[PDB]
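Heads up, the thing below is written out as structure tokens.
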Amino acid sequence: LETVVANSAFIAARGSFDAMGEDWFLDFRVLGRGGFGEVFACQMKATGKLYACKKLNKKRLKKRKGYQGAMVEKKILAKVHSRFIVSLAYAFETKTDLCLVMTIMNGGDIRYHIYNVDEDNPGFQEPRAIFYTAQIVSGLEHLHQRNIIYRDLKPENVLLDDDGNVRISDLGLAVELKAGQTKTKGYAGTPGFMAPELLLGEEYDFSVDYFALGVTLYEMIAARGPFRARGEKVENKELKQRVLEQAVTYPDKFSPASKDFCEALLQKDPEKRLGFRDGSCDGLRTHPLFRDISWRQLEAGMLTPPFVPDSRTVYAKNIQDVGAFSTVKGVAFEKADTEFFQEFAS
Amino acid sequence: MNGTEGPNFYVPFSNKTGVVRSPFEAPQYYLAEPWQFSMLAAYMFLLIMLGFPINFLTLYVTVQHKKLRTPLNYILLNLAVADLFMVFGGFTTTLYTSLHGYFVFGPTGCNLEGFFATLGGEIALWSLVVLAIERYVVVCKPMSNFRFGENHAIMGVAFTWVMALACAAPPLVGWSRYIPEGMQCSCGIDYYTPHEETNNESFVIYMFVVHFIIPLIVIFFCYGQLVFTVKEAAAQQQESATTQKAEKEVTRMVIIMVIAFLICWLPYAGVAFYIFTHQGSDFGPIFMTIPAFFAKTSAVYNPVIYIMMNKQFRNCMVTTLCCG
Ligand SMILES: NC(=O)c1cn([C@@H]2O[C@H](CO)[C@@H](O)[C@H]2O)c2ncnc(N)c12
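Line by line, the protein sequences give chains G and R.
In terms of the authors' numbering, the first sequence is residues 6 to 24, 182 to 508.
Each residue of the second sequence is one higher than the one before, starting from 1 at the first, in the authors' numbering.
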């Protein structure tokens, strides 16, 4: 009804596209409700190009104390622009939220696509998953070359565009640590998208990213993560136990190469986990799985997976689809909060 | 003119019973009956019973989900408050008075009661106008440098109050007067005469143009545009059966929305206009209670149309009603 009206405004924006302040971008329906604020599609009023506007609400920022995570995402995306990391176009604030306005990935996200392909389709076909995984690896490699440990990687942070090339995003879950100080205790990332090292509050390096990669591929094929089945929605403590102990059942839906790749990563120990051996980023590349991948074509973003999003097919949630998280109960901002908000803006 | 003129009253029933003087304190039985009062009281009871839960829900649902507490919902909260002004200003008073068979709060009471009822209905009126504007601006995209952000939202809300006060405040300063309407157990606006001594004529013209005709034009414009847009959009995105059905349904809804504005304010406008264009009428006094019934019911139907048929609110409401 009204949700269809919101869908109609989205269709209108797409049509225009095919052919600051947030007042300089016409705003459409949300594409998800982040941890902080709305994340809606939007279109430049003066350019006629579509951008996503990840809004991080000031209230919600104060509640979780998510100031560090925001600043990280800004600086990283601002510096790193490729065909596997989304370009950042603007970083401003309003009076209600901080904005990162980034280049479109109109084709929806991999997480959506698990369920959008068809619910009676048990995840992606093996070649299609392999292609996306390879593209994620090149993106991880680029981060590692700048000495960035990303920690939490997950399907919803791997976005599809309409060219059938994927890019990572949400780089606020990262920490930048140069080689020779990568190791250091810490807990970071969202549970069930974390590696053993992180949960135990132990030293970590690039290894954790390869664990996440494994989780991602497993989820692409089986339509479920390793740490939850489809009847599991268990609390954090049990989820932590799954990550730490389990090497799950590996479907025969997998190719032998893909099966083997999953087996290696979801087996505990970084030394026995592909990639990290001496800390290689090309340790992944030796697996028979990548016999179907050419490195030159990978680096140029020319890999074509089965199913490529159309520009006359809409990918996005309805505008009123929200998650809802703490906003003020009579609570007024500190000076410090305001100072972070101005500092972020540029 | 066909009623009874007085220097502080205008009974829309002819003087011939000799008790048509001062309907403020005169028992009304020379233009009404006890059974009609029971029906009046029944109707007012209904309007409270439906209106109060409906408006409470609008406020309530936003509080249970954090994300609903956002600028674009402000106008909806305003609508619910406006409606509650109609409940406590209009409905409750009229229910009390009707059972005595006349208005018992006196001339001063009449000015108060009439003010709160008018104020209520006018904030409601202008909410509906602003809502149509906002929908037109956001979806059809005709204007630049407008958004429904926090500052804009607040301005929008404030505007409905200002326009409402601009109508409700004049009869208190002798630019018009509040005097019993209907069965004379509710107080309405004097518009039955162009009585210069209280300055009725200019006020009636002002009301008809600014508070009916202007709204009517805006409502037709906005909603016409909206239907155009939604039809066009559906044509440009034919691949979902749901979306095509929805487009037809939305168009139907929009007709209902326009009609709902008409029902509420057209009776008052119609009656007022007719007496002005041609002196005298064959309108009764029970006839004048008919416009009030239609107007008052908008406290029920406006949130039903504009709240209930949106997905998020539905889910939340269902959850709470089915244990929550
Ligand atoms: N932060 C980003 O780079 C983006 C986030 N979303 C959507 O917003 C949702 C998060 O609320 C995601 O799951 C996507 O659907 C995006 N959608 C399109 N392009 C983008 N660059 C993003």
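For each residue, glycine too, the CB sits at the ideal point set by N, CA and C.
Self-check item: Contact with chain G by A260 of chain R, beta-carbon distance below 7 angstroms
Solution: no
Quiz prompt | Whole-Å CB distance - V218 of chain R paired with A132 of chain R, under 8 angstroms assumed | solution = 6 angstroms
Practice problem: Please confirm whether any heavy atom of ligand 1 lies closer than 6 angstroms to the CB of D271 of chain G. | Solution: yes
Exercise. Using only alpha-carbon positions, find the residue among R:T4, R:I179, R:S281, R:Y102 that is nearest to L112 of chain R.
Key: R:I179
Quiz prompt | Per DSSP, the bridge partner or partners of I247 of chain G | solution = G:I330
Self-check item: Enclosing beta strand (DSSP E) for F286 of chain G [first to last residue]
Solution: No beta strand (DSSP E) contains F286 of chain G, which DSSP labels as neither H nor E.
Quiz prompt | DSSP three-state assignment for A214 of chain G, whether helix, strand or coil | solution = strand
Quiz item: What residues in the stretch 481-495 of chain G bring their beta carbon closer than 8 angstroms to a beta carbon of chain R?
Solution: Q482, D483, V484, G485, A486, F487, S488, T489
Quiz item: Any heavy atom of ligand 1 closer than 6 angstroms to the CB of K216 of chain G?
Solution: yes
Exercise. With hydrogens ignored, establish whether the beta-carbon of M264 of chain G is closer than 6 angstroms to any heavy atom of ligand 1.
Key: yes
Quiz item: For ligand 1, is there a heavy atom less than 6 angstroms away from the beta-carbon of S331 of chain G?
Solution: yes
Quiz prompt | Beta-carbon gap between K236 of chain G and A253 of chain G smaller than 7 angstroms | solution = yes
Quiz item: From what residue to what residue does the alpha helix (DSSP H) around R226 of chain G run?
Solution: 220-226
Quiz item: Quick one: does the C-beta of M382 of chain G sit closer than 6 angstroms to a heavy atom of ligand 1?
Solution: no
Quiz item: Going by other Cβ atoms of all chains shown within 10 Å of its Cβ, with 16 needed for buried, is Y74 of chain R buried or exposed?
Solution: buried
Self-check item: Span separating the alpha-carbon of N283 of chain G from that of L315 of chain G
Solution: 24 angstroms
Quiz prompt | Other residues of its chain near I455 of chain G: CB distance less than 6 angstroms, five sequence neighbours each side excluded | solution = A296
Quiz item: Quick one: does the C-beta of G196 of chain G sit closer than 6 angstroms to a heavy atom of ligand 1?
Solution: yes
Exercise. Only counting runs of 3 or more residues, tell me where the beta strand (DSSP E) segments fall wholly within the stretch 274-325 of chain G, in order along the chain.
Key: 320-322
Quiz item: In chain G, which residues lie with their C-beta within 7 angstroms of the C-beta of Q237 of chain R?
Solution: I16, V476
Quiz item: Quick one: is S369 of chain G near chain R, going by C-beta distance under 7 angstroms?
Solution: no
Quiz prompt | Positions along the stretch 204-223 of chain G whose CB lies within less than 7 angstroms of some CB in chain R | solution = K207
Practice problem: Return yes when the Cβ of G89 of chain R is within less than 7 angstroms of the Cβ of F56 of chain R, no when it is not. | Solution: no
Quiz item: Heavy atom of ligand 1 less than 6 angstroms from the Cβ of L193 of chain G, yes or no?
Solution: yes
Quiz item: Going by other Cβ atoms of all chains shown within 10 Å of its Cβ, with 16 needed for buried, is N8 of chain R buried or exposed?
Solution: exposed
Quiz item: Ends of the beta strand (DSSP E) at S186 of chain R?
Solution: 186-189
Exercise. Report the three-state DSSP secondary structure of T229 of chain R (helix, strand or coil).
Key: helix
Quiz item: Relative to the alpha-carbon of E232 of chain R, which residue among R:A168, R:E247, R:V137 has its alpha-carbon at the smallest distance?
Solution: R:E247
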